[PDB]
>>> print(open('data-v9.csv').read())   # CSV, N, CA and C atoms
chain,number,residue,atom,x,y,z
A,1,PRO,N,-60.7,-52.6,72.8
A,1,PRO,CA,-61.3,-52.9,71.5
A,1,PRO,C,-61.2,-51.8,70.5
A,2,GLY,N,-61.3,-50.6,70.9
A,2,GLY,CA,-61.2,-49.3,70.1
A,2,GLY,C,-60.0,-49.1,69.3
A,3,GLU,N,-58.8,-49.4,69.9
A,3,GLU,CA,-57.5,-49.2,69.2
A,3,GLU,C,-57.4,-50.1,68.0
A,4,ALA,N,-57.8,-51.4,68.2
A,4,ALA,CA,-57.8,-52.4,67.1
A,4,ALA,C,-58.7,-52.1,65.9
A,5,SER,N,-59.9,-51.6,66.2
A,5,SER,CA,-60.8,-51.2,65.1
A,5,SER,C,-60.3,-50.0,64.3
A,6,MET,N,-59.5,-49.1,65.0
A,6,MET,CA,-58.9,-47.9,64.3
A,6,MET,C,-57.7,-48.4,63.5
A,7,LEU,N,-57.0,-49.5,64.0
A,7,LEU,CA,-55.9,-50.1,63.2
A,7,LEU,C,-56.4,-50.9,62.0
A,8,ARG,N,-57.6,-51.6,62.1
A,8,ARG,CA,-58.2,-52.3,61.0
A,8,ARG,C,-58.6,-51.4,59.9
A,9,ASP,N,-59.1,-50.2,60.2
A,9,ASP,CA,-59.5,-49.2,59.2
A,9,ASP,C,-58.3,-48.7,58.5
A,10,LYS,N,-57.2,-48.4,59.2
A,10,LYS,CA,-55.9,-48.0,58.6
A,10,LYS,C,-55.4,-49.0,57.6
A,11,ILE,N,-55.5,-50.3,57.9
A,11,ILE,CA,-55.1,-51.4,57.1
A,11,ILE,C,-55.9,-51.4,55.8
A,12,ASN,N,-57.2,-51.2,55.9
A,12,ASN,CA,-58.2,-51.1,54.8
A,12,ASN,C,-57.8,-50.0,53.8
A,13,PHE,N,-57.5,-48.9,54.4
A,13,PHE,CA,-57.1,-47.7,53.6
A,13,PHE,C,-55.8,-48.0,52.9
A,14,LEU,N,-54.8,-48.6,53.6
A,14,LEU,CA,-53.5,-48.9,53.0
A,14,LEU,C,-53.7,-49.9,51.8
A,15,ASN,N,-54.6,-50.9,51.9
A,15,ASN,CA,-54.9,-51.9,50.9
A,15,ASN,C,-55.4,-51.2,49.6
A,16,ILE,N,-56.4,-50.3,49.8
A,16,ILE,CA,-56.9,-49.5,48.6
A,16,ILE,C,-55.8,-48.6,48.0
A,17,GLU,N,-55.0,-48.0,48.9
A,17,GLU,CA,-53.9,-47.0,48.5
A,17,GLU,C,-52.9,-47.7,47.6
A,18,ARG,N,-52.5,-48.9,47.9
A,18,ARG,CA,-51.5,-49.7,47.1
A,18,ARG,C,-52.1,-49.9,45.7
A,19,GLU,N,-53.4,-50.1,45.6
A,19,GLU,CA,-54.0,-50.3,44.2
A,19,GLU,C,-54.1,-49.0,43.5
A,20,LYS,N,-54.4,-47.9,44.1
A,20,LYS,CA,-54.5,-46.6,43.5
A,20,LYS,C,-53.1,-46.2,43.1
A,21,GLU,N,-52.0,-46.5,43.9
A,21,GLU,CA,-50.7,-46.2,43.5
A,21,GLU,C,-50.3,-47.0,42.2
A,22,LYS,N,-50.6,-48.3,42.2
A,22,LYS,CA,-50.4,-49.2,41.1
A,22,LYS,C,-51.0,-48.6,39.7
A,23,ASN,N,-52.2,-48.0,39.8
A,23,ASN,CA,-52.9,-47.3,38.7
A,23,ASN,C,-52.1,-46.1,38.2
A,24,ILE,N,-51.6,-45.3,39.2
A,24,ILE,CA,-50.8,-44.1,38.9
A,24,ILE,C,-49.5,-44.4,38.1
A,25,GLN,N,-48.9,-45.6,38.5
A,25,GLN,CA,-47.7,-46.0,37.9
A,25,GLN,C,-47.9,-46.6,36.5
A,26,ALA,N,-49.0,-47.2,36.3
A,26,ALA,CA,-49.4,-47.8,35.0
A,26,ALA,C,-49.7,-46.7,34.0
A,27,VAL,N,-50.4,-45.6,34.5
A,27,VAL,CA,-50.6,-44.4,33.6
A,27,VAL,C,-49.3,-43.7,33.2
A,28,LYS,N,-48.4,-43.5,34.2
A,28,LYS,CA,-47.1,-43.0,34.0
A,28,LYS,C,-46.2,-43.8,33.0
A,29,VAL,N,-46.3,-45.1,33.1
A,29,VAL,CA,-45.5,-46.0,32.2
A,29,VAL,C,-46.2,-45.9,30.8
A,30,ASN,N,-47.5,-45.9,30.7
A,30,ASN,CA,-48.3,-45.8,29.5
A,30,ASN,C,-47.9,-44.5,28.7
A,31,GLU,N,-47.9,-43.4,29.4
A,31,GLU,CA,-47.5,-42.1,28.8
A,31,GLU,C,-46.1,-42.1,28.2
A,32,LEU,N,-45.2,-42.7,28.9
A,32,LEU,CA,-43.8,-42.9,28.5
A,32,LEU,C,-43.7,-43.7,27.2
A,33,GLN,N,-44.4,-44.9,27.2
A,33,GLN,CA,-44.4,-45.8,26.1
A,33,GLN,C,-45.0,-45.2,24.9
A,34,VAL,N,-46.1,-44.4,25.0
A,34,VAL,CA,-46.8,-43.7,23.9
A,34,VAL,C,-45.8,-42.6,23.4
A,35,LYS,N,-45.2,-41.9,24.3
A,35,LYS,CA,-44.2,-40.8,23.9
A,35,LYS,C,-43.1,-41.4,23.1
A,36,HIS,N,-42.5,-42.5,23.5
A,36,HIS,CA,-41.4,-43.2,22.8
A,36,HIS,C,-41.8,-43.9,21.5
A,37,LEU,N,-43.1,-44.4,21.4
A,37,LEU,CA,-43.6,-44.9,20.2
A,37,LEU,C,-43.8,-43.9,19.1
A,38,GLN,N,-44.2,-42.7,19.5
A,38,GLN,CA,-44.4,-41.5,18.6
A,38,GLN,C,-43.0,-41.0,18.1
A,39,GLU,N,-42.0,-40.9,18.9
A,39,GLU,CA,-40.7,-40.4,18.6
A,39,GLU,C,-40.0,-41.5,17.7
A,40,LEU,N,-40.2,-42.8,18.0
A,40,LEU,CA,-39.6,-43.8,17.2
A,40,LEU,C,-40.2,-43.8,15.8
A,41,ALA,N,-41.5,-43.6,15.7
A,41,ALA,CA,-42.2,-43.6,14.4
A,41,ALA,C,-41.8,-42.4,13.6
A,42,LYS,N,-41.6,-41.2,14.3
A,42,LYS,CA,-41.2,-39.9,13.7
A,42,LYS,C,-39.8,-40.1,13.1
A,43,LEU,N,-38.9,-40.8,13.7
A,43,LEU,CA,-37.5,-41.0,13.2
A,43,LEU,C,-37.5,-42.1,12.1
A,44,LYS,N,-38.4,-43.1,12.2
A,44,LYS,CA,-38.5,-44.1,11.2
A,44,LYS,C,-39.0,-43.6,9.8
A,45,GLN,N,-39.9,-42.6,9.9
A,45,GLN,CA,-40.5,-41.9,8.7
A,45,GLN,C,-39.3,-41.1,8.0
A,46,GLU,N,-38.5,-40.4,8.9
A,46,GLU,CA,-37.4,-39.6,8.4
A,46,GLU,C,-36.3,-40.5,7.7
A,47,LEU,N,-36.2,-41.8,8.2
A,47,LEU,CA,-35.2,-42.7,7.6
A,47,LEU,C,-35.7,-43.2,6.3
A,48,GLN,N,-37.0,-43.4,6.1
A,48,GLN,CA,-37.5,-43.9,4.8
A,48,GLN,C,-37.5,-42.8,3.8
A,49,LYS,N,-37.7,-41.5,4.2
A,49,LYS,CA,-37.6,-40.3,3.3
A,49,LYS,C,-36.1,-40.3,2.7
A,50,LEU,N,-35.1,-40.5,3.6
A,50,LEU,CA,-33.7,-40.4,3.2
A,50,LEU,C,-33.3,-41.6,2.3
A,51,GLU,N,-33.8,-42.8,2.7
A,51,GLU,CA,-33.5,-44.1,1.9
A,51,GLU,C,-34.0,-44.0,0.5
A,52,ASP,N,-35.2,-43.4,0.3
A,52,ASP,CA,-35.8,-43.2,-1.0
A,52,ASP,C,-35.2,-42.0,-1.8
A,53,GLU,N,-34.7,-41.0,-1.0
A,53,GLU,CA,-34.0,-39.8,-1.6
A,53,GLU,C,-32.6,-40.4,-2.2
A,54,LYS,N,-31.9,-41.2,-1.4
A,54,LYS,CA,-30.6,-41.8,-1.8
A,54,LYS,C,-30.8,-42.8,-3.0
A,55,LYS,N,-31.9,-43.6,-3.0
A,55,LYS,CA,-32.3,-44.6,-4.0
A,55,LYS,C,-32.5,-43.8,-5.3
A,56,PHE,N,-33.1,-42.6,-5.3
A,56,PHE,CA,-33.4,-41.8,-6.4
A,56,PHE,C,-32.1,-41.2,-7.0
A,57,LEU,N,-31.2,-40.7,-6.1
A,57,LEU,CA,-29.9,-40.1,-6.5
A,57,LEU,C,-29.0,-41.1,-7.1
A,58,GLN,N,-29.1,-42.4,-6.6
A,58,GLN,CA,-28.3,-43.5,-7.1
A,58,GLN,C,-28.8,-43.9,-8.4
A,59,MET,N,-30.2,-43.7,-8.7
A,59,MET,CA,-30.8,-44.0,-9.9
A,59,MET,C,-30.8,-42.6,-10.7
A,60,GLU,N,-29.6,-42.1,-10.9
A,60,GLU,CA,-29.2,-40.9,-11.7
A,60,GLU,C,-27.8,-41.3,-12.2
A,61,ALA,N,-27.7,-42.4,-13.0
A,61,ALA,CA,-26.5,-43.0,-13.6
A,61,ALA,C,-26.8,-43.4,-15.0
B,1,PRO,N,-55.5,-56.3,74.1
B,1,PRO,CA,-54.2,-55.7,73.8
B,1,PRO,C,-53.4,-56.4,72.6
B,2,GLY,N,-53.6,-57.7,72.6
B,2,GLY,CA,-52.9,-58.6,71.6
B,2,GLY,C,-53.3,-58.3,70.2
B,3,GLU,N,-54.6,-58.1,69.9
B,3,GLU,CA,-55.1,-57.9,68.5
B,3,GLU,C,-54.4,-56.6,67.9
B,4,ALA,N,-54.4,-55.6,68.7
B,4,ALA,CA,-53.8,-54.3,68.4
B,4,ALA,C,-52.3,-54.3,68.0
B,5,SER,N,-51.5,-55.0,68.8
B,5,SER,CA,-50.1,-55.1,68.5
B,5,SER,C,-49.8,-56.0,67.3
B,6,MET,N,-50.7,-56.9,66.9
B,6,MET,CA,-50.6,-57.7,65.7
B,6,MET,C,-51.0,-56.8,64.5
B,7,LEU,N,-51.9,-55.9,64.7
B,7,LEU,CA,-52.4,-54.9,63.7
B,7,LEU,C,-51.3,-53.8,63.4
B,8,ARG,N,-50.6,-53.4,64.5
B,8,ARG,CA,-49.5,-52.4,64.4
B,8,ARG,C,-48.3,-53.0,63.6
B,9,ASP,N,-48.1,-54.3,63.8
B,9,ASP,CA,-47.0,-55.0,63.1
B,9,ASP,C,-47.3,-55.0,61.6
B,10,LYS,N,-48.6,-55.4,61.2
B,10,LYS,CA,-49.0,-55.4,59.9
B,10,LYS,C,-48.9,-54.0,59.2
B,11,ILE,N,-49.2,-52.9,59.9
B,11,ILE,CA,-49.1,-51.6,59.4
B,11,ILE,C,-47.6,-51.2,59.1
B,12,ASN,N,-46.7,-51.7,60.0
B,12,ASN,CA,-45.3,-51.5,59.8
B,12,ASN,C,-44.7,-52.2,58.6
B,13,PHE,N,-45.2,-53.4,58.4
B,13,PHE,CA,-44.8,-54.2,57.2
B,13,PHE,C,-45.3,-53.5,55.9
B,14,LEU,N,-46.6,-53.0,55.9
B,14,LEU,CA,-47.2,-52.4,54.8
B,14,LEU,C,-46.5,-51.1,54.4
B,15,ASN,N,-45.9,-50.3,55.4
B,15,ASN,CA,-45.2,-49.1,55.2
B,15,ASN,C,-43.9,-49.3,54.5
B,16,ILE,N,-43.2,-50.4,54.9
B,16,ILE,CA,-41.9,-50.8,54.3
B,16,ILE,C,-42.2,-51.3,52.8
B,17,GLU,N,-43.3,-52.1,52.7
B,17,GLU,CA,-43.7,-52.7,51.4
B,17,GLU,C,-44.0,-51.7,50.3
B,18,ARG,N,-44.6,-50.6,50.7
B,18,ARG,CA,-44.9,-49.5,49.8
B,18,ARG,C,-43.6,-48.9,49.2
B,19,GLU,N,-42.6,-48.8,50.1
B,19,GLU,CA,-41.3,-48.3,49.7
B,19,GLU,C,-40.5,-49.2,48.8
B,20,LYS,N,-40.6,-50.6,49.1
B,20,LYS,CA,-40.0,-51.6,48.3
B,20,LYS,C,-40.6,-51.7,46.9
B,21,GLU,N,-42.0,-51.5,46.9
B,21,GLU,CA,-42.7,-51.5,45.6
B,21,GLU,C,-42.3,-50.3,44.7
B,22,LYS,N,-42.1,-49.1,45.4
B,22,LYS,CA,-41.7,-47.8,44.7
B,22,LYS,C,-40.3,-48.0,44.1
B,23,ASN,N,-39.4,-48.8,44.7
B,23,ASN,CA,-38.1,-49.1,44.2
B,23,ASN,C,-38.2,-50.0,43.0
B,24,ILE,N,-39.0,-51.0,43.0
B,24,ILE,CA,-39.3,-52.0,41.9
B,24,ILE,C,-39.8,-51.2,40.6
B,25,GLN,N,-40.6,-50.2,40.9
B,25,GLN,CA,-41.2,-49.4,39.8
B,25,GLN,C,-40.2,-48.5,39.2
B,26,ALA,N,-39.3,-47.9,40.0
B,26,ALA,CA,-38.2,-47.1,39.6
B,26,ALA,C,-37.3,-47.8,38.7
B,27,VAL,N,-36.9,-49.1,39.1
B,27,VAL,CA,-36.0,-50.0,38.3
B,27,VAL,C,-36.6,-50.3,36.9
B,28,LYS,N,-37.9,-50.6,36.9
B,28,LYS,CA,-38.7,-50.9,35.7
B,28,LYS,C,-38.7,-49.8,34.8
B,29,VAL,N,-38.9,-48.5,35.3
B,29,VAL,CA,-39.0,-47.3,34.5
B,29,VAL,C,-37.6,-47.0,33.9
B,30,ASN,N,-36.5,-47.2,34.8
B,30,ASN,CA,-35.2,-47.0,34.4
B,30,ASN,C,-34.8,-47.9,33.2
B,31,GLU,N,-35.1,-49.2,33.3
B,31,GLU,CA,-34.8,-50.1,32.2
B,31,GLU,C,-35.5,-49.7,30.9
B,32,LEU,N,-36.7,-49.3,31.0
B,32,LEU,CA,-37.5,-48.8,29.9
B,32,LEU,C,-36.8,-47.6,29.2
B,33,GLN,N,-36.4,-46.6,30.0
B,33,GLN,CA,-35.8,-45.4,29.6
B,33,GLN,C,-34.5,-45.6,29.0
B,34,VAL,N,-33.6,-46.5,29.5
B,34,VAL,CA,-32.3,-46.9,29.0
B,34,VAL,C,-32.5,-47.6,27.7
B,35,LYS,N,-33.5,-48.5,27.6
B,35,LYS,CA,-33.8,-49.3,26.4
B,35,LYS,C,-34.2,-48.3,25.2
B,36,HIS,N,-35.1,-47.3,25.5
B,36,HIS,CA,-35.5,-46.3,24.6
B,36,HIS,C,-34.4,-45.4,24.1
B,37,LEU,N,-33.5,-45.0,25.1
B,37,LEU,CA,-32.4,-44.1,24.8
B,37,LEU,C,-31.4,-44.8,23.8
B,38,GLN,N,-31.2,-46.1,23.9
B,38,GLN,CA,-30.3,-46.9,23.1
B,38,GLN,C,-30.9,-47.1,21.7
B,39,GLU,N,-32.2,-47.3,21.6
B,39,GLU,CA,-32.9,-47.5,20.3
B,39,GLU,C,-33.0,-46.1,19.6
B,40,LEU,N,-33.1,-45.0,20.3
B,40,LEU,CA,-33.2,-43.7,19.8
B,40,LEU,C,-31.8,-43.3,19.2
B,41,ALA,N,-30.8,-43.6,20.0
B,41,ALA,CA,-29.4,-43.4,19.5
B,41,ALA,C,-29.0,-44.2,18.3
B,42,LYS,N,-29.5,-45.5,18.3
B,42,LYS,CA,-29.3,-46.4,17.2
B,42,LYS,C,-29.9,-45.9,15.9
B,43,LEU,N,-31.1,-45.3,15.9
B,43,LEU,CA,-31.8,-44.7,14.8
B,43,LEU,C,-31.2,-43.4,14.4
B,44,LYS,N,-30.7,-42.6,15.3
B,44,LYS,CA,-30.1,-41.3,15.0
B,44,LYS,C,-28.8,-41.4,14.3
B,45,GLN,N,-28.0,-42.5,14.6
B,45,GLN,CA,-26.7,-42.8,13.9
B,45,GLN,C,-27.0,-43.2,12.5
B,46,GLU,N,-28.0,-44.0,12.3
B,46,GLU,CA,-28.5,-44.5,11.0
B,46,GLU,C,-28.9,-43.3,10.1
B,47,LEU,N,-29.6,-42.3,10.7
B,47,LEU,CA,-30.0,-41.1,10.0
B,47,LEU,C,-28.8,-40.2,9.5
B,48,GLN,N,-27.8,-40.1,10.4
B,48,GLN,CA,-26.6,-39.3,10.0
B,48,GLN,C,-25.8,-40.0,8.9
B,49,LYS,N,-25.8,-41.4,8.9
B,49,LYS,CA,-25.1,-42.2,7.9
B,49,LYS,C,-25.7,-41.8,6.5
B,50,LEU,N,-27.1,-41.8,6.5
B,50,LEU,CA,-27.9,-41.5,5.3
B,50,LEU,C,-27.8,-40.1,4.8
B,51,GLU,N,-27.8,-39.1,5.7
B,51,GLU,CA,-27.7,-37.7,5.5
B,51,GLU,C,-26.4,-37.4,4.8
B,52,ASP,N,-25.3,-38.0,5.3
B,52,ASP,CA,-23.9,-37.9,4.8
B,52,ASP,C,-23.7,-38.6,3.4
B,53,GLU,N,-24.4,-39.8,3.2
B,53,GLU,CA,-24.4,-40.6,2.0
B,53,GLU,C,-25.1,-39.7,0.9
B,54,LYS,N,-26.2,-39.1,1.2
B,54,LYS,CA,-27.0,-38.2,0.3
B,54,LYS,C,-26.2,-37.0,0.0
B,55,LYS,N,-25.6,-36.3,0.9
B,55,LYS,CA,-24.7,-35.2,0.8
B,55,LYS,C,-23.6,-35.4,-0.2
B,56,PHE,N,-23.0,-36.6,-0.1
B,56,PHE,CA,-21.9,-37.1,-1.0
B,56,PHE,C,-22.5,-37.3,-2.4
B,57,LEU,N,-23.7,-38.0,-2.6
B,57,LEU,CA,-24.3,-38.2,-3.9
B,57,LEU,C,-24.7,-36.9,-4.6
B,58,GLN,N,-25.1,-35.9,-3.8
B,58,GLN,CA,-25.5,-34.6,-4.2
B,58,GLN,C,-24.2,-33.9,-4.7
B,59,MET,N,-23.1,-34.1,-4.0
B,59,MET,CA,-21.8,-33.6,-4.4
B,59,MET,C,-21.1,-34.6,-5.3
B,60,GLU,N,-21.8,-34.8,-6.5
B,60,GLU,CA,-21.5,-35.6,-7.6
B,60,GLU,C,-22.2,-35.0,-8.8
B,61,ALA,N,-21.9,-33.7,-9.0
B,61,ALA,CA,-22.4,-32.8,-10.0
B,61,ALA,C,-21.3,-31.9,-10.6
>>> encode(input="data-v9.csv", output="structure tokens")
Amino acid sequence: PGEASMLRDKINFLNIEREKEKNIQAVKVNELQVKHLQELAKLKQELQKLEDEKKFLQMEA
Amino acid sequence: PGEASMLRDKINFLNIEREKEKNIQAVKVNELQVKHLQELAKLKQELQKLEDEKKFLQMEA
């Protein structure tokens, strides 16, 4: 009976562990997505600055 | 003895499952990273087109 109850505890731990791992992966993906959104926004602002600079130089005729 | 061997099989399955999950997460992260690298490259090309357009309009003096 003893071996089985030690095995049932291990299964319980593994079930919690899968959920804790799933949280760690969600945090990792979130950081990646936030990092990429900030770099995309940074580049988009730089494009608008240039578009408006070009628009102004074109409006020098 | 029977309960224990059924529990040991479940543990074996869970050990493989954690690795299969880890593969699925790696694929998901890879697709995200490739998607972001392509969008970053797309925006960087558009910035160089504008920088060179501006450089040319500035070299109209």
>>> closest_atom_pairs(input="data-v9.csv", of="chain A", to="range 21-25 of chain B", cutoff="12 Å", atoms="only C-alpha atoms", output="CSV")
residue,atom,partner,partner_atom,distance
A:18,CA,B:21,CA,9.1
A:19,CA,B:21,CA,11.4
A:21,CA,B:22,CA,9.2
A:22,CA,B:21,CA,9.2
A:23,CA,B:25,CA,11.9
A:24,CA,B:25,CA,11.0
A:25,CA,B:25,CA,7.6
A:26,CA,B:25,CA,9.6
A:28,CA,B:25,CA,10.5
A:29,CA,B:25,CA,9.4
>>> closest_residue(input="data-v9.csv", among="A:4, A:61, A:27, A:16", to="chain B", atoms="only N, CA and C atoms")
A:4
>>> interface_residues(input="data-v9.csv", of="chain B", to="chain A", cutoff="8 Å", atoms="only C-alpha atoms", output="JSON, numbers by chain")
{"B": [1, 3, 4, 7, 8, 10, 11, 14, 18, 25, 29, 36, 40, 43, 44, 46, 47, 50, 51, 53, 54, 57, 58]}
>>> write_last_selection(input="data-v9.csv", atoms="N, CA and C atoms", output="mmCIF file, in the coordinates of the input")
data_model
loop_
_atom_site.group_PDB
_atom_site.id
_atom_site.type_symbol
_atom_site.label_atom_id
_atom_site.label_comp_id
_atom_site.auth_asym_id
_atom_site.auth_seq_id
_atom_site.Cartn_x
_atom_site.Cartn_y
_atom_site.Cartn_z
ATOM 1 N N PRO B 1 -55.500 -56.300 74.100
ATOM 2 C CA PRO B 1 -54.200 -55.700 73.800
ATOM 3 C C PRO B 1 -53.400 -56.400 72.600
ATOM 4 N N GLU B 3 -54.600 -58.100 69.900
ATOM 5 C CA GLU B 3 -55.100 -57.900 68.500
ATOM 6 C C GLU B 3 -54.400 -56.600 67.900
ATOM 7 N N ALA B 4 -54.400 -55.600 68.700
ATOM 8 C CA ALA B 4 -53.800 -54.300 68.400
ATOM 9 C C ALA B 4 -52.300 -54.300 68.000
ATOM 10 N N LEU B 7 -51.900 -55.900 64.700
ATOM 11 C CA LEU B 7 -52.400 -54.900 63.700
ATOM 12 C C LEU B 7 -51.300 -53.800 63.400
ATOM 13 N N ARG B 8 -50.600 -53.400 64.500
ATOM 14 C CA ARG B 8 -49.500 -52.400 64.400
ATOM 15 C C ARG B 8 -48.300 -53.000 63.600
ATOM 16 N N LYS B 10 -48.600 -55.400 61.200
ATOM 17 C CA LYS B 10 -49.000 -55.400 59.900
ATOM 18 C C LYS B 10 -48.900 -54.000 59.200
ATOM 19 N N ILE B 11 -49.200 -52.900 59.900
ATOM 20 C CA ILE B 11 -49.100 -51.600 59.400
ATOM 21 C C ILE B 11 -47.600 -51.200 59.100
ATOM 22 N N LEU B 14 -46.600 -53.000 55.900
ATOM 23 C CA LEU B 14 -47.200 -52.400 54.800
ATOM 24 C C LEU B 14 -46.500 -51.100 54.400
ATOM 25 N N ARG B 18 -44.600 -50.600 50.700
ATOM 26 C CA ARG B 18 -44.900 -49.500 49.800
ATOM 27 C C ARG B 18 -43.600 -48.900 49.200
ATOM 28 N N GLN B 25 -40.600 -50.200 40.900
ATOM 29 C CA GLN B 25 -41.200 -49.400 39.800
ATOM 30 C C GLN B 25 -40.200 -48.500 39.200
ATOM 31 N N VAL B 29 -38.900 -48.500 35.300
ATOM 32 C CA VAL B 29 -39.000 -47.300 34.500
ATOM 33 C C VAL B 29 -37.600 -47.000 33.900
ATOM 34 N N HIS B 36 -35.100 -47.300 25.500
ATOM 35 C CA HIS B 36 -35.500 -46.300 24.600
ATOM 36 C C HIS B 36 -34.400 -45.400 24.100
ATOM 37 N N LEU B 40 -33.100 -45.000 20.300
ATOM 38 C CA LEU B 40 -33.200 -43.700 19.800
ATOM 39 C C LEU B 40 -31.800 -43.300 19.200
ATOM 40 N N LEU B 43 -31.100 -45.300 15.900
ATOM 41 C CA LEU B 43 -31.800 -44.700 14.800
ATOM 42 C C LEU B 43 -31.200 -43.400 14.400
ATOM 43 N N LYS B 44 -30.700 -42.600 15.300
ATOM 44 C CA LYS B 44 -30.100 -41.300 15.000
ATOM 45 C C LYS B 44 -28.800 -41.400 14.300
ATOM 46 N N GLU B 46 -28.000 -44.000 12.300
ATOM 47 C CA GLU B 46 -28.500 -44.500 11.000
ATOM 48 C C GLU B 46 -28.900 -43.300 10.100
ATOM 49 N N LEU B 47 -29.600 -42.300 10.700
ATOM 50 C CA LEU B 47 -30.000 -41.100 10.000
ATOM 51 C C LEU B 47 -28.800 -40.200 9.500
ATOM 52 N N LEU B 50 -27.100 -41.800 6.500
ATOM 53 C CA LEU B 50 -27.900 -41.500 5.300
ATOM 54 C C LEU B 50 -27.800 -40.100 4.800
ATOM 55 N N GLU B 51 -27.800 -39.100 5.700
ATOM 56 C CA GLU B 51 -27.700 -37.700 5.500
ATOM 57 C C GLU B 51 -26.400 -37.400 4.800
ATOM 58 N N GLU B 53 -24.400 -39.800 3.200
ATOM 59 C CA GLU B 53 -24.400 -40.600 2.000
ATOM 60 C C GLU B 53 -25.100 -39.700 0.900
ATOM 61 N N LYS B 54 -26.200 -39.100 1.200
ATOM 62 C CA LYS B 54 -27.000 -38.200 0.300
ATOM 63 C C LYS B 54 -26.200 -37.000 0.000
ATOM 64 N N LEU B 57 -23.700 -38.000 -2.600
ATOM 65 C CA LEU B 57 -24.300 -38.200 -3.900
ATOM 66 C C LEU B 57 -24.700 -36.900 -4.600
ATOM 67 N N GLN B 58 -25.100 -35.900 -3.800
ATOM 68 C CA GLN B 58 -25.500 -34.600 -4.200
ATOM 69 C C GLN B 58 -24.200 -33.900 -4.700
#
>>> atom_distance(input="data-v9.csv", atom1="atom N of residue 45 in chain B", atom2="atom C of residue 38 in chain A")
15.5 Å
>>> atom_distance(input="data-v9.csv", atom1="atom N of residue 41 in chain B", atom2="atom N of residue 59 in chain B")
26.9 Å
>>> atom_distance(input="data-v9.csv", atom1="atom C of residue 52 in chain B", atom2="CA of residue 35 in chain B")
27.3 Å
>>> decode(input="data-v9.csv", residues="range 3-15 of chain B", atoms="N, CA, C and O atoms", output="PDB file, in the first residue's frame")
ATOM      1  N   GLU B   3      -1.931  -1.559  -8.278  1.00  0.00           N
ATOM      2  CA  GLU B   3      -2.175  -0.115  -8.233  1.00  0.00           C
ATOM      3  C   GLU B   3      -0.902   0.664  -8.521  1.00  0.00           C
ATOM      4  O   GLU B   3      -0.927   1.569  -9.343  1.00  0.00           O
ATOM      5  N   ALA B   4       0.209   0.251  -7.904  1.00  0.00           N
ATOM      6  CA  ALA B   4       1.528   0.852  -8.037  1.00  0.00           C
ATOM      7  C   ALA B   4       2.059   0.829  -9.468  1.00  0.00           C
ATOM      8  O   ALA B   4       2.564   1.855  -9.930  1.00  0.00           O
ATOM      9  N   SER B   5       1.932  -0.309 -10.175  1.00  0.00           N
ATOM     10  CA  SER B   5       2.427  -0.387 -11.543  1.00  0.00           C
ATOM     11  C   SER B   5       1.584   0.491 -12.495  1.00  0.00           C
ATOM     12  O   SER B   5       2.113   0.965 -13.496  1.00  0.00           O
ATOM     13  N   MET B   6       0.282   0.699 -12.182  1.00  0.00           N
ATOM     14  CA  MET B   6      -0.599   1.582 -12.961  1.00  0.00           C
ATOM     15  C   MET B   6      -0.153   3.037 -12.696  1.00  0.00           C
ATOM     16  O   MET B   6      -0.145   3.874 -13.601  1.00  0.00           O
ATOM     17  N   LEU B   7       0.263   3.317 -11.452  1.00  0.00           N
ATOM     18  CA  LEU B   7       0.744   4.649 -11.081  1.00  0.00           C
ATOM     19  C   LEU B   7       2.109   4.979 -11.708  1.00  0.00           C
ATOM     20  O   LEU B   7       2.302   6.083 -12.212  1.00  0.00           O
ATOM     21  N   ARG B   8       3.001   3.995 -11.784  1.00  0.00           N
ATOM     22  CA  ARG B   8       4.335   4.135 -12.385  1.00  0.00           C
ATOM     23  C   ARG B   8       4.204   4.410 -13.879  1.00  0.00           C
ATOM     24  O   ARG B   8       4.948   5.224 -14.391  1.00  0.00           O
ATOM     25  N   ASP B   9       3.199   3.805 -14.571  1.00  0.00           N
ATOM     26  CA  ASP B   9       2.948   4.053 -15.995  1.00  0.00           C
ATOM     27  C   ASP B   9       2.471   5.501 -16.197  1.00  0.00           C
ATOM     28  O   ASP B   9       2.925   6.178 -17.114  1.00  0.00           O
ATOM     29  N   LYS B  10       1.561   5.969 -15.333  1.00  0.00           N
ATOM     30  CA  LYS B  10       1.065   7.328 -15.389  1.00  0.00           C
ATOM     31  C   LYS B  10       2.225   8.344 -15.246  1.00  0.00           C
ATOM     32  O   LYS B  10       2.285   9.295 -16.017  1.00  0.00           O
ATOM     33  N   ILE B  11       3.170   8.093 -14.322  1.00  0.00           N
ATOM     34  CA  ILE B  11       4.346   8.945 -14.108  1.00  0.00           C
ATOM     35  C   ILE B  11       5.217   8.996 -15.385  1.00  0.00           C
ATOM     36  O   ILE B  11       5.661  10.062 -15.790  1.00  0.00           O
ATOM     37  N   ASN B  12       5.398   7.843 -16.034  1.00  0.00           N
ATOM     38  CA  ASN B  12       6.152   7.695 -17.283  1.00  0.00           C
ATOM     39  C   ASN B  12       5.554   8.543 -18.407  1.00  0.00           C
ATOM     40  O   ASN B  12       6.251   9.320 -19.054  1.00  0.00           O
ATOM     41  N   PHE B  13       4.241   8.486 -18.542  1.00  0.00           N
ATOM     42  CA  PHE B  13       3.484   9.272 -19.507  1.00  0.00           C
ATOM     43  C   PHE B  13       3.624  10.765 -19.220  1.00  0.00           C
ATOM     44  O   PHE B  13       3.792  11.564 -20.145  1.00  0.00           O
ATOM     45  N   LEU B  14       3.496  11.148 -17.953  1.00  0.00           N
ATOM     46  CA  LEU B  14       3.611  12.554 -17.560  1.00  0.00           C
ATOM     47  C   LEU B  14       5.011  13.122 -17.842  1.00  0.00           C
ATOM     48  O   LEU B  14       5.127  14.304 -18.166  1.00  0.00           O
ATOM     49  N   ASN B  15       6.072  12.283 -17.708  1.00  0.00           N
ATOM     50  CA  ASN B  15       7.463  12.696 -17.946  1.00  0.00           C
ATOM     51  C   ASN B  15       7.677  12.987 -19.443  1.00  0.00           C
ATOM     52  O   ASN B  15       8.288  14.006 -19.794  1.00  0.00           O
TER      53      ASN B  15
END
